[PDB]
Amino acid sequence: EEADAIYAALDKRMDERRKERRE
Amino acid sequence: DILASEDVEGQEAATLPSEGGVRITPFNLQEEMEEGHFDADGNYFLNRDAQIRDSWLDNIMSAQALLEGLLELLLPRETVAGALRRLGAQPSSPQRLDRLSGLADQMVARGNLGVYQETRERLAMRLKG
Amino acid sequence: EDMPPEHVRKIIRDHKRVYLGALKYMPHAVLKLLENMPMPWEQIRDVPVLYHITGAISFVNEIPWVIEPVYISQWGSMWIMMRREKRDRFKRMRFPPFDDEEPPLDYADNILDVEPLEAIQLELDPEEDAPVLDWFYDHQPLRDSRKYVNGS
Amino acid sequence: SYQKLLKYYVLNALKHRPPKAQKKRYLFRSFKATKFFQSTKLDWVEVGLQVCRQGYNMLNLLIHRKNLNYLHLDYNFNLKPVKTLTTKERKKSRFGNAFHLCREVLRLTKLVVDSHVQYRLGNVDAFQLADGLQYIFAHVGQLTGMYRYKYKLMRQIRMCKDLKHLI
């Protein structure tokens, strides 16, 4: 459960590069 | 209109798939009725739902013993990864480094993740509990 | 900090939500492997490697930075040497050598203690090529000199 | 070949646009803060063999995820059926073109890596290694079946053919 949360946090950090512009 | 399996007058068995490298047609119209269908006049229509199009397919030890071994291989106030660094610093002791890496892999494979940043006292309390 | 090579060698040798997600970035590892291929004048090349705890994936983690006039000069030296070699000397290599049913070769048993052959180098006469003689065939030349390159 | 190379250069010069401003991007700095990854220093040929065996293990896992037993992937990345297929087994063998595309990319990578492995065993000369690496990137389309999987890849071969002529 923790490992998928870590990969989801890294994916959210990758999406943070364009987060306020894309949505 | 469509032809059924009774309007074929003489289908037979499907014994062998191939011989001599030559594929054998199974003499029945089962797979043609699976792929497409017939009209009353004997023409054939083929279904065309192949979305992906698939360009290759078209043309073919107990855990307490592990803890006791790690407490044997750790000096106090030191992590497991630091012990890997110290034994690997050819290394000084290749055999004990190999043993420590094997115990680390046998503890990782049992579901315990992150065993590298584990101190000696925490593993001792884990063995105690 | 870093870790000795024998650990990750044992990791790759002996070997699932945590394991499955790490294989997503495999062509990125392919790209990082292919952009750092060694030059014809080098024999070996050491690179840093990121790796998973169970050996899922391995990256090269380095951008191949070269100095441009040195790079053009080194390739011109290779050009002259290969013209000289073809006018002097030819067996093209038999492609894929390793067969379909055998696994790829183990590095620790077959390459690890075998010394490599000679590379492709020009002669570099010590009278005229004196400003370039001490550094012309290094991996990253003049890296540890403070007078020419800004740092590491 | 001169006219086609100059045509592609004119197209790259004409379609040039400046990239969009963004936050600076670092993947492996995010990977390093994760405790599941470690760092070391290795040789290039050792990690080149680790990458190709990991790619073989990944494609083998993607084969044996869907409980397939009638396919076999060679170590040099060739996928072959073991028997003559049926109707439902071909429906259960429907992978995308991305699967075979990554398969041919790993095949190209294994050719490039094993060309160096044959060199550091003392079998071939560096003078012959430089020929061998030059033949691979010129004849990707003949050594691999990767042109069948992406058609736009036909642009990438002919350019490597054109640079083959001039040089």
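Along the charge dipole of chain D, pointing to its positive end and built from +1/-1 on Cβ of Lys, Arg, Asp and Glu, which listed residue (D:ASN123, D:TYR26, D:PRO81) has its Cα farthest out? Farthest along the dipole direction, towards plus: D:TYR26.
Charge dipole of the protein assembly as shown (Cα centre as origin; +1 on each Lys and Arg Cβ, -1 on each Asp and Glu Cβ, all else neutral): 2140 debye, rounded to the nearest 20. For chain D, modelled as a GNM whose springs connect Cα atoms under 10 angstrom apart, the maximal fluctuation among D:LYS91, D:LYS110, D:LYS66 occurs at D:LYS91.
Judged by the mean number of other Cβ atoms found within 10 Å, the most tightly packed of the peptides D:24-30, B:91-97, C:38-44 leads the ranking C:38-44, B:91-97, D:24-30. Excluding same-chain neighbours fewer than eight residues apart, the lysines reachable from D:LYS91 by a Cα-Cα span under 21 Å are D:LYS66, D:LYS80, D:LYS83. Modelled spin-label separation between C:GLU1 and C:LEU133, with each label point placed 7 Å from Cα along the Cα-to-Cβ direction: 3.8 nm. Placing a label point 7 Å from the Cα of A:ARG13 along the Cα-to-Cβ direction, the residues of the range D:34-68 whose backbone N falls under 20 Å from that point are D:34-40. Other protein chain C-beta atoms within 10 Å of residue C-beta, averaged over D:83-91: 2. Under 17 Å from a point placed 7 Å out from the Cα of D:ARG29 along the Cα-to-Cβ direction: which residues of chain A have their backbone N that close? Under cut-off, by backbone N: A:10-19.
Only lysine pairs 8 or more places apart, or on different chains, with alpha-carbon atoms under 24 angstrom apart are counted in the range D:1-41, and they number 6. Here D:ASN67 and B:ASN47 are evaluated by their C-beta separation; at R0 = 25 Å the FRET efficiency comes out at 0.45.
As a length-normalised measure over Cα pairs under 8 Å and 6 or more apart, the relative contact order of the range D:1-159 settles at 19 percent. Per-residue ellipticity at 222 nm computed for chain C from its helices equals -9000 deg cm²/dmol, with DSSP H segments shorter than 4 residues left out and the rest contributing -39,500 (n - 2.57).
Shielding value for D:115-122 is 6, the average number of Cβ atoms from other chains within 10 Å of each residue's Cβ.
Because the Cβ atoms are built from the backbone with ideal geometry, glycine has one as well, and the counts that use them run over all protein chains shown. Read-outs: derived from the displayed coordinates by stated rules, not from any lab.
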